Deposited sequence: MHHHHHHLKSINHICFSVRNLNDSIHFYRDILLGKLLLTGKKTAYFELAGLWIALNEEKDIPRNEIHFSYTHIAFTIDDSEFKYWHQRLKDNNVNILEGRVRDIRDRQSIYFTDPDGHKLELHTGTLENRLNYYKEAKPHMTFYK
């Protein structure tokens, strides 16, 4: 009893809202829901993302894709000049670190001997 229920949304600061809208809505195929003065809201991978215009290495957000889609995503990111760093590692136009994976994190947990599993 008493648990946080779910993720509610993520918020990212961005230098240029138009560049970020083409990245999230066209290259990553998220749904644009609303725009305002210096803001945009998307639904992407079931997650509300809020971008805030204000004209780094200590966090990343990873997303799951169908493994049969891996070549489609790698080619899509490559052919849209995305900064690329089975798994794909990349950034958005501001440098926020993102990743695509074709397996759950739990399935990696099953992969890993001197670690301690709970």
Give me the ranges of the deposited sequence that have no CA atoms here, in sequence order.
1-4, 60-67, 98-107, 135-138, 145
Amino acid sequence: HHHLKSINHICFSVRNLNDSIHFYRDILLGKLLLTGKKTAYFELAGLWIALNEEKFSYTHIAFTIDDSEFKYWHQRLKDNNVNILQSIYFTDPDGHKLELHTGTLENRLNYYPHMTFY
From here on, numbers count along this sequence of modelled residues.
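So that the term is clear: the rigid core is the largest set of C-alpha atoms that superpose within 1.5 Å between two forms.
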After core superposition, the stretch with larger RMS C-alpha deviation in 4 other deposited structures of this protein, comparing 35-43 and 71-79, is 35-43
Higher-scoring stretch by recorded Cα B factor average, 46-54 or 23-31
46-54
Higher mean Cα B-factor in the deposited model: 9-17 or 101-109?
101-109
So if I compare the CA B-factors in the entry for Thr64, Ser68, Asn80, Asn83, which one is the largest?
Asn83
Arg76 by Cα B-factor - lowest, middle or highest third of the modelled chain
lowest
